[PDB]
>>> print(open('my_file-v9.cif').read())   # mmCIF, C-alpha atoms and all ligand atoms
data_start
#
loop_
_atom_site.label_atom_id
_atom_site.label_comp_id
_atom_site.auth_asym_id
_atom_site.auth_seq_id
_atom_site.Cartn_x
_atom_site.Cartn_y
_atom_site.Cartn_z
CA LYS A 1 82.16 86.69 118.61
CA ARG A 2 84.37 84.18 120.45
CA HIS A 3 87.76 85.96 120.26
CA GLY A 4 87.56 87.77 123.59
CA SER A 5 86.51 91.23 124.70
CA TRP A 6 89.50 93.21 123.39
CA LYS A 7 88.74 96.51 121.64
CA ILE A 8 90.24 95.45 118.28
CA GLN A 9 87.96 95.97 115.27
CA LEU A 10 87.98 94.78 111.67
CA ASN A 11 87.43 96.55 108.36
CA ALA A 12 86.91 95.05 104.90
CA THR A 13 88.37 96.14 101.56
CA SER A 14 88.04 94.17 98.32
CA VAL A 15 89.22 95.43 94.92
CA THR A 16 87.61 94.24 91.70
CA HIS A 17 88.70 93.55 88.12
CA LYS A 18 90.66 95.87 85.86
CA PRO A 19 91.49 94.83 82.27
CA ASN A 20 95.01 96.26 82.52
CA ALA A 21 97.31 94.17 84.71
CA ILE A 22 99.60 97.01 85.85
CA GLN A 23 96.66 99.08 87.10
CA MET A 24 95.47 96.03 89.06
CA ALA A 25 98.53 96.21 91.32
CA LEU A 26 98.35 100.02 91.16
CA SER A 27 94.82 99.99 92.60
CA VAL A 28 96.03 97.38 95.12
CA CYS A 29 99.00 99.44 96.32
CA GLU A 30 97.27 102.83 96.58
CA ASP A 31 94.16 101.27 98.11
CA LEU A 32 95.79 98.87 100.59
CA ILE A 33 99.12 100.42 101.60
CA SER A 34 97.20 103.56 102.62
CA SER A 35 94.77 101.17 104.35
CA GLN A 36 97.65 99.36 106.17
CA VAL A 37 96.48 95.84 105.42
CA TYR A 38 97.92 92.71 107.04
CA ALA A 39 97.06 89.95 104.53
CA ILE A 40 96.30 89.81 100.80
CA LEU A 41 94.15 87.10 99.18
CA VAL A 42 93.44 86.69 95.45
CA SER A 43 90.51 84.51 94.36
CA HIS A 44 90.17 84.98 90.57
CA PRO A 45 89.94 81.86 88.41
CA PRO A 46 87.76 83.20 85.52
CA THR A 47 90.19 85.59 83.89
CA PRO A 48 90.50 85.35 80.09
CA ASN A 49 94.26 85.94 80.35
CA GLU B 1 99.37 87.17 122.77
CA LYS B 2 103.08 88.04 122.59
CA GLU B 3 102.61 91.76 121.98
CA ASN B 4 105.44 93.29 119.75
CA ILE B 5 102.95 95.29 117.69
CA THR B 6 104.56 96.41 114.44
CA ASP B 7 102.63 98.12 111.66
CA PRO B 8 103.43 98.42 107.94
CA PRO B 9 103.65 102.19 107.37
CA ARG B 10 102.52 104.25 104.39
CA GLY B 11 105.22 103.35 101.89
CA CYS B 12 103.44 105.25 99.11
CA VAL B 13 105.15 108.54 100.09
CA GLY B 14 108.93 108.13 100.29
CA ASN B 15 109.00 105.43 102.98
CA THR B 16 111.26 102.37 103.10
CA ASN B 17 110.65 101.77 106.82
CA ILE B 18 110.54 97.97 106.75
CA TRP B 19 108.12 95.90 108.82
CA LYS B 20 110.05 94.18 111.62
CA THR B 21 107.79 91.17 112.25
CA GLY B 22 107.82 90.23 108.56
CA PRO B 23 109.28 86.75 109.02
CA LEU B 24 107.92 86.53 112.58
CA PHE B 25 104.27 86.87 111.56
CA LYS B 26 105.28 84.58 108.68
CA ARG B 27 106.23 82.25 111.55
CA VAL B 28 102.58 82.63 112.59
CA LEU B 29 101.78 81.55 109.03
CA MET B 30 104.20 78.64 109.47
CA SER B 31 102.74 77.70 112.87
CA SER B 32 99.07 78.16 111.90
CA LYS B 33 98.01 74.77 113.24
CA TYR B 34 94.23 74.32 113.14
CA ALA B 35 91.65 71.58 112.67
CA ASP B 36 88.44 73.51 111.87
CA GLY B 37 87.45 73.97 108.24
CA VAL B 38 84.83 73.06 105.65
CA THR B 39 87.62 72.02 103.28
CA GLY B 40 89.16 70.03 106.13
CA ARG B 41 91.96 70.16 108.67
CA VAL B 42 93.85 73.31 107.69
CA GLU B 43 97.52 73.30 108.74
CA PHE B 44 100.66 74.72 107.13
CA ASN B 45 103.71 72.53 106.52
CA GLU B 46 107.39 73.42 106.08
CA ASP B 47 106.52 74.41 102.49
CA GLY B 48 103.71 76.67 103.69
CA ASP B 49 101.07 74.51 101.99
CA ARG B 50 98.18 72.28 103.04
CA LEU C 1 117.04 106.13 70.88
CA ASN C 2 115.09 107.88 73.63
CA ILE C 3 116.58 106.49 76.86
CA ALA C 4 115.52 107.59 80.34
CA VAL C 5 118.15 107.58 83.10
CA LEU C 6 117.03 108.18 86.69
CA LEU C 7 118.94 107.74 89.95
CA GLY C 8 118.35 107.55 93.68
CA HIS C 9 120.05 109.69 96.32
CA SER C 10 123.51 108.18 96.92
CA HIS C 11 126.96 109.50 95.87
CA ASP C 12 125.70 113.16 95.67
CA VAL C 13 125.71 113.02 91.87
CA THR C 14 124.01 116.04 90.30
CA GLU C 15 122.30 116.14 86.91
CA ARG C 16 124.35 118.33 84.55
CA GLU C 17 127.29 115.92 84.40
CA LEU C 18 124.78 113.28 83.29
CA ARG C 19 123.74 115.58 80.43
CA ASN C 20 127.40 116.08 79.50
CA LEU C 21 128.23 112.35 79.83
CA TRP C 22 126.24 111.59 76.66
CA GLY C 23 126.59 114.73 74.52
CA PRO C 24 130.22 114.96 73.36
CA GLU C 25 130.50 111.16 73.65
CA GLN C 26 129.11 108.51 71.24
CA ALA C 27 131.34 109.37 68.30
CA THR C 28 130.16 106.36 66.27
CA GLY C 29 126.47 107.16 66.49
CA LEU C 30 124.76 105.25 63.68
CA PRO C 31 121.07 105.81 64.66
CA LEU C 32 119.88 109.36 64.11
CA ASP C 33 117.13 110.05 66.68
CA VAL C 34 119.11 109.21 69.81
CA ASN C 35 118.29 111.24 72.93
CA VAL C 36 118.84 110.71 76.65
CA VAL C 37 116.62 112.09 79.42
CA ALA C 38 118.62 112.42 82.65
CA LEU C 39 116.31 112.73 85.66
CA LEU C 40 116.43 112.36 89.44
CA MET C 41 113.95 111.39 92.14
CA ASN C 42 112.86 113.01 95.40
CA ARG C 43 111.42 109.76 96.85
CA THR C 44 112.33 106.08 97.30
CA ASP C 45 109.01 104.36 96.57
CA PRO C 46 107.73 101.91 93.91
CA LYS C 47 104.57 104.03 93.52
CA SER C 48 106.55 106.81 91.86
CA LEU C 49 108.45 104.15 89.92
CA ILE C 50 105.18 102.91 88.38
CA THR C 51 104.03 106.51 87.84
CA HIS C 52 107.22 107.69 86.13
CA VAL C 53 107.48 104.52 84.03
CA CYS C 54 103.92 105.01 82.76
CA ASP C 55 104.64 108.71 82.18
CA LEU C 56 107.97 108.24 80.37
CA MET C 57 106.71 105.35 78.23
CA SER C 58 104.14 107.84 76.97
CA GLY C 59 106.91 110.45 77.14
CA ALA C 60 107.80 110.52 73.42
CA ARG C 61 108.56 106.78 73.04
CA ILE C 62 111.38 106.10 75.48
CA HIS C 63 113.03 102.76 74.67
CA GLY C 64 115.57 102.51 77.50
CA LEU C 65 115.50 102.61 81.31
CA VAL C 66 118.55 102.94 83.57
CA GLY D 1 127.30 102.51 75.05
CA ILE D 2 125.89 98.98 74.99
CA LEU D 3 122.40 100.34 74.22
CA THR D 4 123.65 102.52 71.35
CA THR D 5 125.79 99.65 70.02
CA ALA D 6 122.77 97.32 70.07
CA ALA D 7 120.55 99.94 68.40
CA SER D 8 123.20 100.65 65.76
CA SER D 9 123.94 97.01 64.91
CA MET D 10 120.22 96.16 64.95
CA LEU D 11 119.32 99.19 62.80
CA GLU D 12 121.35 97.65 59.97
CA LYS D 13 119.11 94.55 59.93
CA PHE D 14 115.65 96.12 60.29
CA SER D 15 114.75 99.79 60.04
CA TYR D 16 112.01 100.40 62.63
CA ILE D 17 113.66 98.81 65.64
CA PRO D 18 112.15 101.54 67.95
CA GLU D 19 108.71 100.11 68.79
CA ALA D 20 107.30 101.64 71.98
CA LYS D 21 103.96 101.21 73.73
CA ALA D 22 101.65 104.22 73.86
CA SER D 23 100.27 104.10 77.40
CA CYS D 24 99.79 101.80 80.38
CA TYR D 25 96.05 102.51 80.27
CA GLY D 26 93.44 101.00 77.97
CA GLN D 27 94.13 97.27 77.77
CA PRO D 28 106.28 93.53 69.78
CA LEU D 29 108.46 91.64 67.28
CA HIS D 30 111.98 93.13 67.12
CA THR D 31 113.59 93.00 70.57
CA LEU D 32 117.20 93.12 71.73
CA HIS D 33 116.94 90.09 74.03
CA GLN D 34 118.18 87.66 71.35
CA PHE D 35 120.74 90.19 70.10
CA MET D 36 123.14 91.29 72.88
CA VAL D 37 124.32 87.85 74.02
CA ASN D 38 127.81 89.11 73.16
CA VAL D 39 128.68 92.76 72.62
CA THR D 40 131.87 94.83 72.91
CA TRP D 41 132.24 98.41 74.17
CA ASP D 42 135.68 100.08 74.33
CA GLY D 43 137.43 96.70 74.55
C1 LIG E 1 86.75 100.86 105.97
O1 LIG E 1 86.21 100.20 104.82
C2 LIG E 1 85.35 101.01 104.00
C3 LIG E 1 84.76 100.15 102.89
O2 LIG E 1 85.80 99.39 102.27
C4 LIG E 1 86.13 102.19 103.44
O3 LIG E 1 85.24 103.06 102.73
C5 LIG E 1 86.83 102.95 104.56
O4 LIG E 1 87.71 103.93 103.99
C6 LIG E 1 87.64 102.02 105.47
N1 LIG E 1 88.34 102.74 106.53
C7 LIG E 1 87.86 103.17 107.70
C8 LIG E 1 87.56 104.64 107.79
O5 LIG E 1 87.70 102.44 108.67
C1 LIG E 2 109.70 91.86 121.25
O1 LIG E 2 110.76 91.74 120.30
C2 LIG E 2 111.94 92.46 120.66
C3 LIG E 2 112.95 92.35 119.53
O2 LIG E 2 112.40 92.96 118.35
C4 LIG E 2 112.50 91.91 121.96
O3 LIG E 2 113.56 92.77 122.42
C5 LIG E 2 111.42 91.84 123.04
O4 LIG E 2 111.95 91.15 124.17
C6 LIG E 2 110.13 91.17 122.55
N1 LIG E 2 109.12 91.33 123.58
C7 LIG E 2 108.46 90.30 124.13
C8 LIG E 2 109.18 89.55 125.22
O5 LIG E 2 107.33 90.00 123.78
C1 LIG E 3 89.32 65.17 104.63
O1 LIG E 3 88.75 63.84 104.68
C2 LIG E 3 87.55 63.57 105.42
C3 LIG E 3 86.99 62.21 105.04
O2 LIG E 3 85.71 62.03 105.64
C4 LIG E 3 86.52 64.66 105.14
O3 LIG E 3 85.32 64.40 105.89
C5 LIG E 3 87.04 66.05 105.53
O4 LIG E 3 86.46 67.03 104.66
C6 LIG E 3 88.56 66.21 105.50
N1 LIG E 3 89.11 66.21 106.84
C7 LIG E 3 90.41 66.41 107.07
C8 LIG E 3 91.06 65.43 107.99
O5 LIG E 3 91.03 67.33 106.56
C1 LIG E 4 110.81 116.37 93.32
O1 LIG E 4 109.64 115.69 93.82
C2 LIG E 4 108.41 116.10 93.21
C3 LIG E 4 107.26 115.28 93.79
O2 LIG E 4 107.30 113.95 93.26
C4 LIG E 4 108.46 115.94 91.68
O3 LIG E 4 107.30 116.55 91.10
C5 LIG E 4 109.72 116.57 91.10
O4 LIG E 4 109.82 116.28 89.71
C6 LIG E 4 110.95 116.05 91.83
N1 LIG E 4 112.14 116.65 91.27
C7 LIG E 4 113.19 115.91 90.92
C8 LIG E 4 114.19 116.60 90.03
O5 LIG E 4 113.33 114.76 91.30
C1 LIG E 5 128.67 85.58 69.72
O1 LIG E 5 129.42 84.37 69.81
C2 LIG E 5 129.16 83.40 68.79
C3 LIG E 5 129.98 82.15 69.09
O2 LIG E 5 129.81 81.78 70.46
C4 LIG E 5 129.53 83.98 67.44
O3 LIG E 5 129.21 83.04 66.41
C5 LIG E 5 128.80 85.29 67.19
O4 LIG E 5 129.36 85.87 66.00
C6 LIG E 5 128.88 86.27 68.36
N1 LIG E 5 127.88 87.32 68.23
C7 LIG E 5 127.84 88.23 67.26
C8 LIG E 5 129.00 89.19 67.20
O5 LIG E 5 126.91 88.30 66.47
#
>>> encode(input="my_file-v9.cif", output="C-alpha cells")
Amino acid sequence: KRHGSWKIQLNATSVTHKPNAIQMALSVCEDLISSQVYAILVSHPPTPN
Amino acid sequence: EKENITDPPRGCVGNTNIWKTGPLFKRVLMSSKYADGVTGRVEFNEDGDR
Amino acid sequence: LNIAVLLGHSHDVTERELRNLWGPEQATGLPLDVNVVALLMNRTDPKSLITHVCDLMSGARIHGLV
Amino acid sequence: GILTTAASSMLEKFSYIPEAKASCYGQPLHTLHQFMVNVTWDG
C-alpha cells in the first residue's frame, strides 16, 4: 500500500505440522529453497514434544 | 535502496553457490530500527533481540 | 557392523580401493556380521545427504557413517 | 578400525549392540558414546 509504486510483488508460503521432526525440515527445504525465500519464521508453541 | 540484488539459488540440486549479502542483509536485521508495533517499539540490539 | 562410507569429489579417489581397504584388513575381527558399503556422490547438497541417510538407515541396518 | 574395536570390545559386554532404526518416516539403550573415551588402534 504505502511502500511505493515499484513492480515488486509478494507471495506467501506456510508449511504445517508433521509428526516426524526430520521431515519437517525436509518439507521446509524442498518447499522453500525451490521457492527462494528470504526469511523464515516459526510460530509453534503447542507441540507435545 | 542500495541495490546489490543477490538471490539464494536452488541449492537442492548440487549447488553450493553462497549468498553474498548474507551478513549484509543480516546488517539490515541488525539495523532494523522501528517504532511501530502492537507489541511495542520494535528494534534490534547488538544481540539481535528486542 | 554395517558401516556406510561416502565421500565428496576431492583427491580423485575412486571406489575399488575403498572396497579393498577393508577386505584383507581387520585381522582381529571379533564381530561376525561386519560389512562396509563404500559409496560416492554426484552432488554437494544436504538434500541428498538427508535422502541417502534415510535410505541407508533403512538399508539393512547400517550402524556407521563416514 | 576404531569402529570395529568399539564394536568388538562392546560385543563382549552385551550381545545385541547393533540396534538400528527402521525408517525416518512414521513418528536406544546401548550406545558407544560412553565407551570410546579412550581407545587404541595400531599404537
Ligand atoms: C505462490 O504461492 C502459492 C501458494 O503458496 C503457490 O502455490 C505457488 O507455487 C507460489 N509461486 C508462484 C507461482 O508465485
Ligand atoms: C555492491 O557491492 C559490491 C561488492 O559486493 C560493491 O563493489 C559495489 O560498489 C556495491 N554497489 C553499490 C555502491 O551499491
Ligand atoms: C511498552 O510500554 C508502553 C506503556 O504504555 C505500552 O503502551 C507499549 O505497548 C510499549 N511501547 C514501547 C515503548 O515499546
Ligand atoms: C550419481 O548421481 C545420481 C543422481 O543422484 C545417483 O542416482 C547415482 O547413484 C550417483 N552415482 C554415484 C556413484 O554417486
Ligand atoms: C580410560 O582411562 C581410564 C583412566 O583415565 C582407565 O581407568 C580406563 O581403563 C580407560 N578406558 C578403558 C580402556 O576402559
>>> residues_near_ligand(input="my_file-v9.cif", ligand="ligand LIG 2 (chain E)", cutoff="12 Å", atoms="all atoms listed in the file", output="list in words")
residues 1, 2, 3, 4, 5, 6, 19, 20, 21, 22, 23, 24 and 25 of chain B
>>> axis_aligned_box(input="my_file-v9.cif", around="ligand LIG 3 (chain E)", padding_each_side="8 Å", output="JSON")
{"center_x": 88.2, "center_y": 64.7, "center_z": 106.3, "size_x": 21.7, "size_y": 21.3, "size_z": 19.4}
>>> interface_residues(input="my_file-v9.cif", of="chain D", to="chain A", cutoff="8 Å", atoms="only C-alpha atoms", output="list in words")
residues 24, 25, 26 and 27 of chain D
>>> residues_around(input="my_file-v9.cif", residues="residue 50 of chain B", least_positions_apart="6", cutoff="12 Å", atoms="all atoms listed in the file", output="PDB file with C-alpha atoms, keeping the file's coordinate frame")
ATOM      1  CA  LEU B  29     101.780  81.550 109.030  1.00  0.00           C
ATOM      2  CA  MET B  30     104.200  78.640 109.470  1.00  0.00           C
ATOM      3  CA  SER B  32      99.070  78.160 111.900  1.00  0.00           C
ATOM      4  CA  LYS B  33      98.010  74.770 113.240  1.00  0.00           C
ATOM      5  CA  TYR B  34      94.230  74.320 113.140  1.00  0.00           C
ATOM      6  CA  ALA B  35      91.650  71.580 112.670  1.00  0.00           C
ATOM      7  CA  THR B  39      87.620  72.020 103.280  1.00  0.00           C
ATOM      8  CA  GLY B  40      89.160  70.030 106.130  1.00  0.00           C
ATOM      9  CA  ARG B  41      91.960  70.160 108.670  1.00  0.00           C
ATOM     10  CA  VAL B  42      93.850  73.310 107.690  1.00  0.00           C
ATOM     11  CA  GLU B  43      97.520  73.300 108.740  1.00  0.00           C
ATOM     12  CA  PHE B  44     100.660  74.720 107.130  1.00  0.00           C
TER      13      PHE B  44
END
>>> atom_distance(input="my_file-v9.cif", atom1="atom CA of residue 23 of chain C", atom2="atom CA of residue 2 of chain C")
13.4 Å
>>> closest_residue(input="my_file-v9.cif", among="A:13, A:5, A:27, A:34", to="ligand LIG 1 (chain E)", atoms="only C-alpha atoms and all ligand atoms")
A:13
>>> interface_residues(input="my_file-v9.cif", of="chain C", to="chain A", cutoff="10 Å", atoms="all atoms listed in the file", output="number ranges by chain")
C: 46-47, 50-51, 54
>>> residues_around(input="my_file-v9.cif", residues="residue 33 of chain A", least_positions_apart="6", cutoff="8 Å", atoms="only C-alpha atoms", output="list in words")
residues 8, 9, 10, 11 and 12 of chain B
>>> residues_near_ligand(input="my_file-v9.cif", ligand="ligand LIG 1 (chain E)", cutoff="7 Å", atoms="only C-alpha atoms and all ligand atoms", output="list in words")
residues 11, 12, 13, 14 and 35 of chain A
>>> atom_distance(input="my_file-v9.cif", atom1="atom CA of residue 17 of chain D", atom2="atom CA of residue 31 of chain D")
7.6 Å
>>> residues_around(input="my_file-v9.cif", residues="segment 42-46 of chain A", least_positions_apart="4", cutoff="10 Å", atoms="all atoms listed in the file", output="PyMOL selection string")
chain A and resi 14-17
>>> residues_near_ligand(input="my_file-v9.cif", ligand="ligand LIG 5 (chain E)", cutoff="7 Å", atoms="all atoms listed in the file", output="MDAnalysis selection string")
chainID D and resid 37:39
>>> build_atoms(input="my_file-v9.cif", residues="segment 15-37 of chain C", atoms="N, CA, C and O atoms", output="compact mmCIF listing (two decimals), keeping the file's coordinate frame")
# COMPACT_ATOMS: atom_id res chain seq x y z
N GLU C 15 122.93 116.52 88.17
CA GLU C 15 122.30 116.14 86.91
C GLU C 15 123.00 116.65 85.66
O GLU C 15 122.85 116.03 84.61
N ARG C 16 123.77 117.74 85.75
CA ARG C 16 124.35 118.33 84.55
C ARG C 16 125.49 117.49 83.99
O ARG C 16 125.67 117.42 82.77
N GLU C 17 126.24 116.81 84.86
CA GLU C 17 127.29 115.92 84.40
C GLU C 17 126.72 114.66 83.75
O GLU C 17 127.44 113.97 83.03
N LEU C 18 125.45 114.36 84.01
CA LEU C 18 124.78 113.28 83.29
C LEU C 18 124.33 113.74 81.90
O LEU C 18 124.28 112.92 80.97
N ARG C 19 123.98 115.02 81.76
CA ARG C 19 123.74 115.58 80.43
C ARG C 19 125.02 115.60 79.61
O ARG C 19 125.01 115.27 78.42
N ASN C 20 126.14 115.98 80.23
CA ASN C 20 127.40 116.08 79.50
C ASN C 20 128.11 114.74 79.35
O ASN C 20 129.12 114.68 78.63
N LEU C 21 127.63 113.67 79.98
CA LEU C 21 128.23 112.35 79.83
C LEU C 21 127.81 111.67 78.54
O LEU C 21 128.48 110.72 78.10
N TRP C 22 126.75 112.14 77.91
CA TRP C 22 126.24 111.59 76.66
C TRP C 22 126.54 112.46 75.44
O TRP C 22 126.79 111.92 74.36
N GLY C 23 126.54 113.78 75.61
CA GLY C 23 126.59 114.73 74.52
C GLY C 23 127.82 114.67 73.64
O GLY C 23 127.74 114.30 72.46
N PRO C 24 128.99 115.05 74.17
CA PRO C 24 130.22 114.96 73.36
C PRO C 24 130.70 113.53 73.13
O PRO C 24 131.54 113.32 72.25
N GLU C 25 130.18 112.56 73.87
CA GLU C 25 130.50 111.16 73.65
C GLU C 25 129.65 110.59 72.52
O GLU C 25 128.91 111.32 71.84
N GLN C 26 129.76 109.27 72.32
CA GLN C 26 129.11 108.51 71.24
C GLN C 26 129.51 109.08 69.87
O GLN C 26 128.73 109.71 69.15
N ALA C 27 130.80 108.91 69.57
CA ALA C 27 131.34 109.37 68.30
C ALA C 27 130.80 108.55 67.14
O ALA C 27 130.50 109.10 66.07
N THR C 28 130.67 107.24 67.32
CA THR C 28 130.16 106.36 66.27
C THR C 28 128.66 106.13 66.46
O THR C 28 128.19 105.01 66.70
N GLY C 29 127.91 107.22 66.35
CA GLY C 29 126.47 107.16 66.49
C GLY C 29 125.76 106.90 65.18
O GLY C 29 125.52 107.82 64.40
N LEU C 30 125.42 105.64 64.92
CA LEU C 30 124.76 105.25 63.68
C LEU C 30 123.25 105.55 63.66
O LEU C 30 122.77 106.00 62.61
N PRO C 31 122.45 105.32 64.72
CA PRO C 31 121.07 105.81 64.66
C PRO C 31 121.00 107.33 64.81
O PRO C 31 121.82 107.95 65.49
N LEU C 32 120.00 107.91 64.15
CA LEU C 32 119.88 109.36 64.11
C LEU C 32 119.19 109.91 65.36
O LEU C 32 119.78 110.68 66.12
N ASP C 33 117.94 109.50 65.59
CA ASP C 33 117.13 110.05 66.68
C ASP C 33 117.46 109.35 67.99
O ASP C 33 116.71 108.54 68.54
N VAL C 34 118.64 109.69 68.52
CA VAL C 34 119.11 109.21 69.81
C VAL C 34 119.08 110.37 70.78
O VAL C 34 119.66 111.43 70.50
N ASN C 35 118.40 110.20 71.91
CA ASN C 35 118.29 111.24 72.93
C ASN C 35 118.20 110.61 74.31
O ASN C 35 117.45 109.64 74.49
N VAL C 36 118.93 111.15 75.27
CA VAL C 36 118.84 110.71 76.65
C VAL C 36 118.04 111.73 77.44
O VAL C 36 117.99 112.92 77.11
N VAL C 37 117.37 111.25 78.49
CA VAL C 37 116.62 112.09 79.42
C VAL C 37 117.15 111.76 80.80
O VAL C 37 116.82 110.71 81.37
